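What follows is a single chain, given as structure tokens, in the form deposited in one PDB entry.
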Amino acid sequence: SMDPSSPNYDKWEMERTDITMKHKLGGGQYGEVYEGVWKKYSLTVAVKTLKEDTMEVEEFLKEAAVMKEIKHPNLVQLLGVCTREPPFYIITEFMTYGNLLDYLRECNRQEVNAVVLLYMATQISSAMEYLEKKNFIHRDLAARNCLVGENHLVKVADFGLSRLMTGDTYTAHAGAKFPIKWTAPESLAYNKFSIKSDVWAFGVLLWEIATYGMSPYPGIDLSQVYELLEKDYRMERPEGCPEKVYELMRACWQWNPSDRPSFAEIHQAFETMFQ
């Protein structure tokens, strides 16, 4: 009786009218993403849009397709889509405190203390263990792509920031575009990626967390990063970072991807870090 019956049924397709669109999120730097309220469930959501036929549709539908397969407590959750006609919507759960990078930079450090930092990292570890299980390469793992919810809930996401972020975050190396300071050496030289290149990115993220959102490789110019890494230069241990978290960072930044731990081994590392 209540079970679906009609030929064009799609369990992900939602009633546009159920959603009231509020204002743009992330002051423009995160693309066409808005706060919304799913009316009947007294639920605030995030709604990524595509105004009309810009021919950006294929890129948008593919993101939708990806998010439908992804289900984990520390990965952004798809709630529904409006993809039968424009304006196209991707509706996800709303994460109150926005991206992790700005969160860390603006937080009260007595509340977001060293224990909370370690716990946030553990949540990211678990999310990447799951992606590794699904054999999904993130490609742009970083605090700017992590989201923070209530009670220090952290979720890995991807805003497609390489086409949105102005400045010296994403630039050219050997003629290809990278977030240079989060990119594994082999990815810079060969423009290829793997689960182990996300492992390198996770070590940088660890350093971002430990420093409350400092920019990696302080002061070092972008075009200096690769040659520095090749000589075995690695970022120093942040102030107040326990040794075993720092050795995990250093394990993620092994020159050879074969020597980097798996995300499964990274999460075990957090589990056994005491005694």
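Each form is matched to the other, and the largest set of C-alpha atoms that superpose within 1.5 Å is called the rigid core. Numbers for residues come from their place in the sequence shown, where the first is 1.
If you look for the form solved in complex with a partner chain, you will not find it shown, but the lines that follow are about it.
Using a 4.5 angstroms limit between non-hydrogen atoms, residue 138 is distant from its partner chain in the deposited complex. Taking non-hydrogen atoms only, residue 179 approaches its partner chain to within 4.5 angstroms in the deposited complex.
For the chain shown alone, residue 233 is not a contact residue for its partner chain in the deposited complex, no non-hydrogen atom being within 4.5 angstroms. Among residues of the shown chain, residue 212 is not one whose heavy atoms approach its partner chain to within 4.5 Å in the deposited complex. Aligning the rigid core between the shown form and the other one and inspecting 113, 194, 191, 171, the C-alpha positions shift by 2 Å or more at one residue, which is 171. With the core held fixed, residue 142 shows a CA shift below 2 Å between the shown form and the other one.
After superposition on the rigid core, displacement of the C-alpha of residue 31 between the shown form and the other one amounts to 2 Å or more.
A displacement of less than 2 angstroms separates the C-alpha positions of residue 217 between the shown form and the other one, with the rigid core held in common. Here's the thing about residue 164 and residue 196: their CA atoms end up at least 3 Å closer in the deposited complex than they are in this form. Wider separation of the C-alpha atoms of residue 226 and residue 167, by 3 angstroms or more, is seen in the deposited complex than in the present form.
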